[PDB]
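Visitor: My questions all concern the structure below.
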Amino acid sequence: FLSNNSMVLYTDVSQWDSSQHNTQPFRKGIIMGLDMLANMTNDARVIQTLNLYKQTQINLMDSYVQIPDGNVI
Amino acid sequence: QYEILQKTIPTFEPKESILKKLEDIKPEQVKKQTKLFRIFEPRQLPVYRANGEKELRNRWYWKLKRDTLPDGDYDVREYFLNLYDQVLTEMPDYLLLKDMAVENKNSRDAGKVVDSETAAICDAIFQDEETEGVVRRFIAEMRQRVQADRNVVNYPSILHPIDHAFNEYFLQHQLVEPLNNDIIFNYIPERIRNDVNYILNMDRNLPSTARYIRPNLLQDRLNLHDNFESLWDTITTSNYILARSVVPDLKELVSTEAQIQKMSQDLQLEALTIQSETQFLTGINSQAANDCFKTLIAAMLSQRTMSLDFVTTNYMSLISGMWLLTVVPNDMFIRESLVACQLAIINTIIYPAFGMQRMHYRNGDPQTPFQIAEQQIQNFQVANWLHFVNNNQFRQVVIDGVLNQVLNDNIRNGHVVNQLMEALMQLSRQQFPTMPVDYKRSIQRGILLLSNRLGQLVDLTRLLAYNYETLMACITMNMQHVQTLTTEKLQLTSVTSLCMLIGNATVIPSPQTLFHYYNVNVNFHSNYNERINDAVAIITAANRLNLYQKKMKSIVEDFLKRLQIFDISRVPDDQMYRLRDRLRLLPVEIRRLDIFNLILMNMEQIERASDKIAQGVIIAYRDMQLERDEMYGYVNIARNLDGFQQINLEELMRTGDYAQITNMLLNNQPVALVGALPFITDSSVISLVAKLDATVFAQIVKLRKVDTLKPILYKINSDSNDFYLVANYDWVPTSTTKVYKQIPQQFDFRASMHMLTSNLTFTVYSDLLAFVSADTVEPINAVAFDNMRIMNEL
Amino acid sequence: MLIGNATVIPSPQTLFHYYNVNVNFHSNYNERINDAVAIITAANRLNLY
RNA sequence: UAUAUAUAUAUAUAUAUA
RNA sequence: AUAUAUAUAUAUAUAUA
Ligand SMILES: O=c1ccn([C@@H]2O[C@H](COP(=O)(O)OP(=O)(O)OP(=O)(O)O)[C@@H](O)[C@H]2O)c(=O)[nH]1
């Protein structure tokens, strides 16, 4: 689509991890998507695998990294 | 040895709400009241004679319980909408008086009065030494009257006449109807108890006592399929997933886990390997036959529009699509994708068979390419099947008060397959003149895998139109046929797995999953009409109470909330203020209309008989005698607002143009302000002679604000200081301004006793299909609407 | 399709400021025509080439 | 006079990428 | 006495008492 009436636009975020728009509004957009998908089906087993993929997003909304230095962690 | 480095993550709470399916919506928990609805309470007040001196006896008077009336004439009407929402949640469904009846402490024989408060009143009058004797004798002969043969009682009460008209209405208007064996069987719909295959049985018979609360199952007064194409999409995708749950699995697929072990230990003994008698094709599985049986039935019972998905280069999926369009009516398949499948049968199978030129079908022609190829074709048997597909329509009939769309009579029979396979045989005996011979051999091999299955395809049509016919008896809401927004993808390579993988085993829906599909279409339809009537009764009571300032988005926001299947925050103000113009035009249900008139008739008797709010002050600029009362002594009160020009202080704050009053307050014209003012009490008499009551209005001229108005209500009596001015000097007290305030009523004990009546015992039962225990006849001999059976083919 | 049922009104503090900036420009535009005419005309009665 | 149908094997390592 | 996540293509290799 490159022509003389067209404009291409390439952007690189400085860091895709650890951006402000990725902590809260990215997890809670996916957890909401698995609430509307828990109503689509009827099994006790397709809901249960979709209540585990929701549980890994609740647990990653707060996280901690374990990096040691010297003798302290 | 650790160290914690924690940072501040900004909190982000998105607008959302929980959405439940139709399978788990809790029914409305029934409300029964514990104490009477009391808004007036007797109180002990001192009494003053005509002189002003305090009398030795006291007197009882009706005052409000928790008299919290907001000031200003608009905030009072906002209180009475709030009172109207308080009587509705306290209004009981069934009210027994044996649960709320406490013992009278002293009577002739030890009887019961109807509440703990009205026993606390009648013992307060007995030990009060100042009471008369004939009031005390009336409490002695105050017992209950019980009648066992009609099981009604008559408990006494002591209620205010406004309080009595609210409790008398709760007793005569109850939602309990009697219940017995011959009315449980009327709860089951007519197309199930008049069905041969299901045999209905019950153990216990209910007594002549037991009652049940019938749900208001009248059709949707909102036409939510008319112009609401975003709310009807989510009220049918909530019904399509419920209907998919109750459509049963095919008997060729499903069996228990241990039967695989039970069939593996004897498979080497009894060699039965080609009993299934089918030619295999690549892309044929049984998990798609079980899938296409459920997305053909559950997309009909909820009226989703299916969308066909296929590839043109599969000559068998297009032949199996010929069975699909001739059973399911073409109004359900979506027009952009029915046409591309209805044209692909023409340009591949029908028109090369006769050697005709393949049709130029432009985009968006108003005639579908079966309706344009019954005119262009010259055969008789394939122009008789193309006439049935062009005129296959649902037949909107109303049955048992529920309009539901039955199929054509030939489709329930199976005779449409004998119209198709009579047409699919003449098309196979043609020559295919233009096309080469291997193209003729590629259809004649594939069109004969479907004509060999006539006995198994004349019976799939019977079974598919019997599972749809049986389950349709269990709906309650009115199914309308309107094309929805989002479609349900039915793969045409999954009808081929249905058409040639079924056989000789009726799957009939068991009656334990018909009673569950019916008890969740009642529990949602009765949770619909009890949210319409709860949200019409506030919209009509907002316009009747003259609330011009209330934005009525909020009382439609919670109407869509209590229907548990809608997400509120993705429904804008456009689809919540159009809905207000529909809920306004509806008549409010009779229990809410008869109780709003019991507020509207005496919303001026609750407002006038309370302290800390006075309905406007009048100004005279002349000495006039203030009238003597018995509970106040000497008070500058005015019972009628007559003879004076009125200013409406609801409007003087609304428009805010104070030019009328501040030109009428400097010239000393007699003015009667009208509103709801908080008044203060100035019991001293030497403030009256100093004319304090006139000096409070001059803060309307310098300062524009009128809400900071406190009119003076004098009270001159014996306990007031400096009272000897009234005693020695022969003068009656004269004021300048008097307060338009009403006198509280007297508590006359013998005129306030009311004999409340109710029944003795109920046993209110929640659902009625727990009693009747149904079971199905053996599916080898299971009978359709014809008395011949289905799955009769060998 | 994003408006609501909540009206906006030019408040009278920013209704008198818009008036006192349209008068103060109109009374400045007319007071500089009267200065520029009274010099052009006075350069002609005085015969100033 | 007649020459069949159908689109995503698995595992580890390696490089390019995110 | 011994640390290297996940996905996407691509190539090399491998299956056996
Ligand atoms: O090994 C990798 C590399 C990349 N990624 C994922 O790819 C994303 C984008 O990878 P980039 O290399 O584009 O990240 P960046 O924007 O931080 O790079 P610079 O501007 O600082 O040069 C990363 O932020 C991470 O999510 C991985 O998951 N694993």
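Each chain of the structure tokens is named A, B, ... in the order shown, its residues numbered from 1; ligands are numbered from 1 in display order.
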Could you tell me, as a list in words, which residues of chain A DSSP assigns to helix (DSSP H, G or I) when given the backbone?
Guide: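 Those residues are residues 20, 21, 22, 24, 25, 26, 27, 28, 29, 30, 31, 32, 33, 55, 56, 57 and 58 of chain A.
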Visitor: Using only C-alpha atoms (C1' of nucleotides) and all ligand atoms, find each residue with an atom at most 9 Å away from ligand 1 and format the answer as a PDB file with C-alpha atoms (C1' of nucleotides), in the first residue's frame.
Guide:
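File produced: out31.pdb:
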ATOM      1  CA  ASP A  12       9.169   0.690  18.666  1.00  0.00           C
ATOM      2  CA  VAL A  13       8.296   1.055  22.350  1.00  0.00           C
ATOM      3  CA  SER A  14      11.439   1.602  24.440  1.00  0.00           C
ATOM      4  CA  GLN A  15      10.605  -1.414  26.602  1.00  0.00           C
ATOM      5  CA  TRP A  16       7.551  -3.588  26.093  1.00  0.00           C
ATOM      6  CA  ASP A  17       8.012  -5.275  29.429  1.00  0.00           C
ATOM      7  CA  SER A  18       7.647  -2.924  32.419  1.00  0.00           C
TER       8      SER A  18
ATOM      9  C1'   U D  17      13.419 -13.305  15.152  1.00  0.00           C
ATOM     10  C1'   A D  18       9.814 -11.534  19.031  1.00  0.00           C
TER      11        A D  18
ATOM     12  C1'   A E   5      12.503 -18.974  30.043  1.00  0.00           C
ATOM     13  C1'   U E   6       8.525 -18.895  25.808  1.00  0.00           C
ATOM     14  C1'   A E   7       6.726 -18.601  20.863  1.00  0.00           C
TER      15        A E   7
END
Visitor: Can you list, as a PyMOL selection string, every protein, DNA or RNA residue that comes within 7 Å of stretch 438-445 of chain B when you count only C-alpha atoms (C1' of nucleotides), leaving out same-chain residues fewer than 5 positions away?
Guide: chain B and resi 315+428+432
Visitor: Mind checking which residues fall within 10 Å of residue B:457, counting only C-alpha atoms (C1' of nucleotides), ignoring those fewer than 6 positions away in the same chain, and posting them as a list in words?
Guide: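 In the requested format, the answer is residues 323, 414, 417, 418, 421, 450, 451, 463, 498, 499, 500, 502, 503 and 793 of chain B.
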Visitor: Looking only at the backbone, which of the residues in stretch 324-431 of chain B does DSSP tag as strand (DSSP E), as a PyMOL selection string?
Guide: chain B and resi 395-399+402-406
Visitor: In Å, rounded to a single decimal, give me how far atom CA of residue B:54 is from atom CA of residue B:628.
Guide: 13.0 Å
Visitor: Give me, as a ChimeraX atom specification, all polymer residues having an atom no more than 10 Å from stretch 4-16 of chain D, counting only C-alpha atoms (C1' of nucleotides) and skipping those fewer than 4 positions away in the same chain.
Guide: /B:281-283,314,438,441-442 /E:9-14
Visitor: How would the residues just picked look written out with C-alpha atoms (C1' of nucleotides) as a PDB file, in the first residue's frame?
Guide:
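Result file follows (selection_17.pdb):
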ATOM      1  CA  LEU B 281     -14.941 -40.675   4.040  1.00  0.00           C
ATOM      2  CA  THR B 282     -12.069 -38.456   5.105  1.00  0.00           C
ATOM      3  CA  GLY B 283     -13.408 -35.774   7.425  1.00  0.00           C
ATOM      4  CA  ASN B 314     -16.014 -30.831  -1.540  1.00  0.00           C
ATOM      5  CA  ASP B 438     -14.979 -38.661 -14.392  1.00  0.00           C
ATOM      6  CA  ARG B 441     -18.460 -40.532 -11.876  1.00  0.00           C
ATOM      7  CA  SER B 442     -17.485 -38.199  -9.021  1.00  0.00           C
TER       8      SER B 442
ATOM      9  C1'   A E   9       9.562 -20.217  10.962  1.00  0.00           C
ATOM     10  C1'   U E  10      14.058 -23.169   8.816  1.00  0.00           C
ATOM     11  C1'   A E  11      17.834 -26.900   8.697  1.00  0.00           C
ATOM     12  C1'   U E  12      20.566 -31.182  10.698  1.00  0.00           C
ATOM     13  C1'   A E  13      20.008 -35.767  13.409  1.00  0.00           C
ATOM     14  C1'   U E  14      17.298 -39.938  15.727  1.00  0.00           C
TER      15        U E  14
END
Visitor: Quick one: which chain B residues come within 9 Å of chain A, and what is the nearest atom pair for each with the distance in Å to one decimal, counting only C-alpha atoms, rows ordered by chain and ascending number, as CSV?
Guide:
residue,atom,partner,partner_atom,distance
B:1,CA,A:72,CA,5.4
B:2,CA,A:73,CA,4.7
B:3,CA,A:73,CA,6.2
B:4,CA,A:73,CA,8.7
B:6,CA,A:64,CA,8.8
B:9,CA,A:23,CA,7.7
B:10,CA,A:24,CA,7.7
B:11,CA,A:24,CA,7.2
B:12,CA,A:24,CA,6.1
B:13,CA,A:28,CA,8.4
B:14,CA,A:28,CA,7.7
B:16,CA,A:32,CA,8.2
B:18,CA,A:35,CA,7.9
B:19,CA,A:36,CA,7.6
B:20,CA,A:39,CA,7.0
B:21,CA,A:39,CA,6.0
B:237,CA,A:40,CA,8.5
B:238,CA,A:39,CA,8.3
B:241,CA,A:40,CA,6.7
B:242,CA,A:42,CA,8.2
B:244,CA,A:42,CA,8.3
B:245,CA,A:42,CA,6.5
Visitor: Distance atom CA of residue B:286-atom CA of residue B:309, one decimal place?
Guide: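 Separating atom CA of residue B:286 from atom CA of residue B:309 is a distance of 18.5 Å.
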Visitor: In Å to one decimal, how far is atom CA of residue B:292 from atom CA of residue B:495?
Guide: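 Computing the Euclidean distance for atom CA of residue B:495 and atom CA of residue B:292 yields 6.2 Å.
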Visitor: Write out as a VMD selection string which residues come within 12 Å of residue B:336 when counting only C-alpha atoms (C1' of nucleotides), dropping same-chain ones fewer than 2 positions away.
Guide: chain B and resid 305 to 309 330 to 334 338 to 343 363 to 366 368 487
Visitor: Using the selection just defined, write its residues with N, CA and C atoms as a short mmCIF file (atom, residue, chain, number, x, y, z; two decimals), in the first residue's frame.
Guide:
data_model
loop_
_atom_site.label_atom_id
_atom_site.label_comp_id
_atom_site.auth_asym_id
_atom_site.auth_seq_id
_atom_site.Cartn_x
_atom_site.Cartn_y
_atom_site.Cartn_z
N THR B 305 -29.56 -17.14 14.01
CA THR B 305 -29.39 -17.35 12.58
C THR B 305 -28.07 -18.07 12.36
N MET B 306 -28.12 -19.27 11.82
CA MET B 306 -26.88 -19.96 11.55
C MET B 306 -26.21 -19.39 10.32
N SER B 307 -24.91 -19.63 10.21
CA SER B 307 -24.14 -19.23 9.05
C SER B 307 -23.42 -20.46 8.54
N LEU B 308 -23.62 -20.78 7.28
CA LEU B 308 -23.01 -21.97 6.72
C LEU B 308 -21.54 -21.72 6.41
N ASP B 309 -20.71 -22.71 6.72
CA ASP B 309 -19.29 -22.66 6.43
C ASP B 309 -18.93 -23.94 5.70
N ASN B 330 -35.22 -21.82 5.24
CA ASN B 330 -34.16 -20.92 4.78
C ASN B 330 -34.22 -19.54 5.40
N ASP B 331 -35.24 -19.23 6.19
CA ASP B 331 -35.28 -17.96 6.88
C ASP B 331 -34.26 -17.91 8.01
N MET B 332 -33.77 -19.06 8.45
CA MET B 332 -32.79 -19.10 9.53
C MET B 332 -31.37 -18.96 9.03
N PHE B 333 -31.03 -19.55 7.89
CA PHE B 333 -29.70 -19.37 7.35
C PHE B 333 -29.54 -17.96 6.82
N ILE B 334 -28.38 -17.37 7.11
CA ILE B 334 -28.18 -15.95 6.84
C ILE B 334 -28.00 -15.74 5.35
N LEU B 338 -26.50 -18.28 2.99
CA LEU B 338 -27.42 -19.23 2.38
C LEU B 338 -27.26 -19.23 0.87
N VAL B 339 -27.12 -18.03 0.29
CA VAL B 339 -27.05 -17.85 -1.16
C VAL B 339 -25.79 -18.48 -1.73
N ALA B 340 -24.65 -18.31 -1.06
CA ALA B 340 -23.41 -18.89 -1.56
C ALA B 340 -23.37 -20.41 -1.44
N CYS B 341 -24.26 -21.01 -0.64
CA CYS B 341 -24.42 -22.45 -0.62
C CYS B 341 -25.53 -22.91 -1.54
N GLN B 342 -26.59 -22.12 -1.66
CA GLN B 342 -27.68 -22.45 -2.57
C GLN B 342 -27.27 -22.28 -4.02
N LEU B 343 -26.29 -21.43 -4.31
CA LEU B 343 -25.76 -21.30 -5.66
C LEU B 343 -24.73 -22.38 -5.97
N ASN B 363 -24.03 -10.37 -7.47
CA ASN B 363 -24.16 -10.10 -6.04
C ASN B 363 -25.41 -9.29 -5.76
N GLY B 364 -26.20 -9.74 -4.79
CA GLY B 364 -27.29 -8.93 -4.32
C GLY B 364 -28.54 -8.95 -5.16
N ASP B 365 -28.70 -9.95 -6.02
CA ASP B 365 -29.97 -10.13 -6.70
C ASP B 365 -31.06 -10.49 -5.69
N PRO B 366 -32.27 -9.94 -5.85
CA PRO B 366 -33.33 -10.21 -4.86
C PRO B 366 -33.87 -11.63 -4.89
N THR B 368 -33.12 -15.56 -4.69
CA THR B 368 -32.12 -16.55 -4.32
C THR B 368 -32.01 -17.62 -5.41
N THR B 487 -23.91 -14.68 14.36
CA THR B 487 -24.35 -15.94 13.80
C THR B 487 -23.60 -17.10 14.45
#
